[PDB]
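One letter stands for each residue in the lines below.
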Amino acid sequence: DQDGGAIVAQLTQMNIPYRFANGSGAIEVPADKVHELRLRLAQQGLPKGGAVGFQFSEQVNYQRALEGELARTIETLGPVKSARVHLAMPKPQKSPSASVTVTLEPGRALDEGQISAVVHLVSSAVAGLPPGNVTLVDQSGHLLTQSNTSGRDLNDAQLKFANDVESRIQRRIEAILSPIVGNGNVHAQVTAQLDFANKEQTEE
Amino acid sequence: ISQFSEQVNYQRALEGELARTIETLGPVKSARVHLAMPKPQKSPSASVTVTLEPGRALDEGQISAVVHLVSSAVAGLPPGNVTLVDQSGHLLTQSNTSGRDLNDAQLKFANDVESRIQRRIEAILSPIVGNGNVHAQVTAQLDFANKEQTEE
Amino acid sequence: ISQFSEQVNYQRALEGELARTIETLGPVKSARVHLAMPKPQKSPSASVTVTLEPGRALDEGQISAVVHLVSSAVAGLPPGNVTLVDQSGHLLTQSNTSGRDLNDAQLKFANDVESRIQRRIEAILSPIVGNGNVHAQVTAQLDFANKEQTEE
């Protein structure tokens, strides 16, 4: 694989720890540095993230093993205390998706670069997964970026604008009620109805 | 020397440039591009064939991005006429632009509204009874009929 | 010698100049630009492809800056027709940006007004009861309709 040659070159700058096995698809690096490695390697290395750190049930066994490995990898992220990844296969074309359950630190929060990194990690770690199919999810809030469809884009714009108004009002209510009863003792959900019909009027 | 010969060379130059622009993306080995512009009033069309890296499959948004590249590279070419095809299947459907794909788009939009309302209900009602102790399914009926109205 | 050949060279010169203009920015590795101008009335279009530095992702204001560069570099090219795409996905929601511009503009303007009023209230009430002993949230309704009137 030619991409491996583009991956070993990045590492030789950082610290030069590696063990290149006979196979061209496998690379061995001490896990203590793999924790931080597989974040930059995600931004660089596409195929499967083959960085190993140190019949139906057959594929499920690795499937659970792969899910646990990705859960451990995402668990080591800074603003993440624990994480778990669920992988879905096409039962019977069917697009394969995946769900990533993550527990964050109370004080920290995820950023857009981190969202891109984690979604690309999950998509790359399993073959045949478009990154659009991967869905992040947390305990209380949901932090994702997927909002698009083949539908008329005007309707997509209307949906996103409605969501924006909803978010602004909910933020205002949360901010005003937060100092009284506490930081995490209130929730609010708002739904709105909007006008999208052209109108005119003339009075004499 | 002839105008036609110069136009032919221009088209080859554009095809090469567009291809070379396309391989710059990550998940693709290579691509080949063909164009068709009516010289003397039909919209121009284009066809793109992509040889794709095996371990990765492309997105819908990436389809939109490539279609936008091809559509904006040519003055008169609308994004509808772009056709992208991969080694296995064609990653675009325009056989009935005003028909079946429109109805499929309606289905996706309805599903989107359903998903948003279901998510709202789940999020609001989860903290009371528990994280995994509630499920919700929603169905909606939508309007797709053009209407006008006037009053005096 | 022919006019058409000279115009072809002109377009390449402009594309290269805009390229080296673009890589002068910090976060960008490289970029290539294609243009389309109708010779004989359709607005010209442009497409920009940018390969980006790995550790950085570019911002919305930077998107607007690049679009303004491309739009103002060409006389007849409106800012809408610019299309920008990155290595992975396209960083421009141009498809129906027309609908979703006025809406976000109204949202941000309303936010500005409410922020100003809240700042005034906080400033006036701060010295009396203490620095951190008061909070205020303000919501306002705005009129965005076009109206005229005549009286005789």
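Criteria and cut-off values
Residues numbered from 1 in each chain as written, not as in the entry; some residues may be left out. Chains lettered and ligands numbered in written order. Part of a larger assembly, values for the part shown. Heavy atoms only, no water. Residues with missing side-chain atoms left out of burial classes, pairs and counts. Helix = DSSP H or I, 4+ residues; strand = E, 2+ residues; numbered from the N terminus. Contact = heavy atoms within 4.5 Å. Buried area = accessible area lost by both parts, 1.4 Å probe. Salt bridge = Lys/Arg side-chain N within 4 Å of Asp/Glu carboxyl O. Polar contact = N/O pair within 3.5 Å; in protein donor to acceptor, adjacent residues only side chain to side chain. Buried < 20%, exposed > 50% of the residue type's maximum accessible area, 1.4 Å probe, protein only. Pairing = 2+ DSSP bridges. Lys, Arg positive; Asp, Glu negative; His and termini not counted. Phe/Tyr/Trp six-rings, centres within 6.5 Å; stacked < 30°, edge-to-face > 60°. Nonpolar A, V, L, I, M, F, W, Y, C, P; charged D, E, K, R; others polar. Core = buried A, V, L, I, M, F, W, Y, C linked by side-chain atoms within 4.5 Å. Axes fitted to C-alpha atoms, helices over the stretch in contact; angles between N-to-C directions.

So, about unusual backbone geometry. In the Ramachandran plot, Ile16(A) falls in the positive-phi region, its phi being about 60° despite a non-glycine side chain. Along the chain, the position of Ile16(A) falls in the loop between α1 (2-14) and β1 (19-20).

Moving on: the interface of chain A and chain C. Interface size is commonly expressed as the accessible surface area that is lost when the partners come together. Counting residues at the interface gives 13 residues for chain A, matched by 13 residues for chain C. For the pair chain A and chain C, the summed buried surface comes to about 1200 Å²; carbon and sulfur atoms form 55% of the total. Applying the counting criterion to the chain A and chain C interface returns 3 salt bridges. Across the pair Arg100(C) and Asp153(A) runs a salt bridge whose closest N-O atoms are separated by 3.2 Å. Our count for the contact surface shared by chain A and chain C stands at 4 residue pairs in polar contact. Mapped by element, the contributors of at least two residues to the side of chain A that touches chain C are α2 (31-44) and α5 (153-181) of chain A.

This part covers the pairing of strand β6 (residues 134-137) of chain A. Residue and element names in this part refer to chain A. Residues of β6 alternate between two faces, with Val134 and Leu136 buried on one and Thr135 and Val137 left unburied on the opposite face. Here strand β5 (residues 98-104) pairs with β6 via 4 bridges, running parallel. Looking at the pairing, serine 99 lines up with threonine 135 of β6.

Residues and elements named next belong to chain B. Looking at where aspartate 101 falls in the secondary structure, it is placed in helix α3 (residues 100-129). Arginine 100 is the oppositely charged side chain nearest to the buried, salt-bridge-free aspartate 101, at an N-O distance of 7.0 Å. Setting aside anything within four residues of it in sequence, one finds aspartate 101 in contact with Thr93, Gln94 and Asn96.

Attention now goes to the packing of aromatic side chains. Scanning the model with the defined rule gives 1 aromatic pair over all chains in all. The interplanar angle of 90° and the centroid separation of 5.7 Å between the aromatic rings of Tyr10(B) and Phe4(C) together place this pair among those described as edge-to-face. Placement of the pair is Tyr10(B) in helix α1 (residues 3-23) and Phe4(C) in helix α1 (residues 3-23), with the two residues belonging to separate chains. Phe4(C) gets classed as partly exposed once you look at its relative accessible area, which sits at 24%.

All names here are of chain C. With burial as the criterion, each face of strand β3 (residues 82-85) is covered, one bearing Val82 and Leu84 and the other bearing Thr83 and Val85. Bridge count for strand β2 (residues 45-52) against β3 is 4 bridges, and the pairing is parallel. In the sheet register, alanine 46 faces β3, and the bridge partner there is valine 82.

Counting residues at the interface gives 22 residues for chain B, matched by 23 residues for chain C. Summed over both partners, the interface of chain B with chain C comes to about 1800 Å²; 54% of that surface belongs to carbon and sulfur atoms. Counting across the chain B and chain C interface gives 1 salt bridge. With a closest N to O distance of 3.3 Å, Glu17(B) and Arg12(C) form a salt bridge. Where chain B packs against chain C, one counts 10 residue pairs in polar contact. Secondary structure elements with two or more residues in the side of chain B that touches chain C: α1 and α2 (60-73) of chain B. Counting residues per element, the side of chain B that touches chain C draws most heavily on α1(B), at 9 residues. Looking at the side of chain B that touches chain C, its residues break down into 10 nonpolar, 9 polar and 3 charged.

A word on the environment of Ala9(A). All names here are of chain A. The topology assignment puts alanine 9 in helix α1. On the basis of relative accessible area, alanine 9 is assigned to the partly exposed category, the value being 38%. For the pair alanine 9 and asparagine 22, spaced 13 residues apart in the sequence, the C-alpha separation amounts to 18 Å.

Before going further, it helps to spend a moment on the nonpolar core. Residue and element names in this part refer to chain A. Judged by nonpolar contacts, the single largest core of 20 residues is most densely connected at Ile74, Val100, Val102, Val122 and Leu136. Looking at this core, the elements that each hand over two or more residues are α3 (56-75), β4 (80-87), β5, α4 (112-125) and β6. Sequence-distant contacts of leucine 136, defined by excluding residues within four places in its chain, comprise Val100, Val102, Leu110, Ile115, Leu143 and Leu144.

Under the criterion given, the structure shown has 13 salt bridges over all chains. Linking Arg12(B) and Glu15(B) is a salt bridge whose minimum nitrogen-to-oxygen distance equals 4.0 Å. Here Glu15(B) and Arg12(B) lie together in helix α1, a separation of 3 residues that amounts to about one turn. A salt bridge links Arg56(B) to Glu53(B), with the nearest nitrogen and oxygen atoms 2.2 Å apart. The same class applies to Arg56(B) and to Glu53(B), which are both buried. Each of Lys160(A), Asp164(A) and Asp104(C) takes part in salt bridges that share partners, so that together they form one network.

All names here are of chain A. Reading across the sheet, the 3 strands line up as β4-β5-β6 and stay open at both edges, with mixed pairing between neighbours. Strands at the two margins of the open sheet, each flanked by one partner only, are β4 and β6. Here the average twist between neighbouring strands, direction ignored, is 20°. This element, α3, spans β4 and β5 of the sheet and lies at about 155° to β4. Contacts between α4 and the sheet are confined to β4, β5 and β6, with β6 contributing the most and set at about 130° to the helix.

In this section: the sheet that holds strand β3 (residues 82-85) of chain B. Residues and elements named next belong to chain B. One open sheet holds the 3 strands; their spatial order is β1-β2-β3, and the pairing between them is mixed. Of all the strands in the sheet, just β1 (28-36) and β3 have a single pairing partner and so form its edges. Strand-to-strand twist across the sheet, computed as the mean angle between neighbouring axes with direction ignored, equals 15°. Of the strands in this sheet, β1 and β2 (45-52) touch α1, which is tilted by about 150° from β1. Across the sheet, α2 lies against β2 and β3, angled at about 135° from β3, the strand it touches most.

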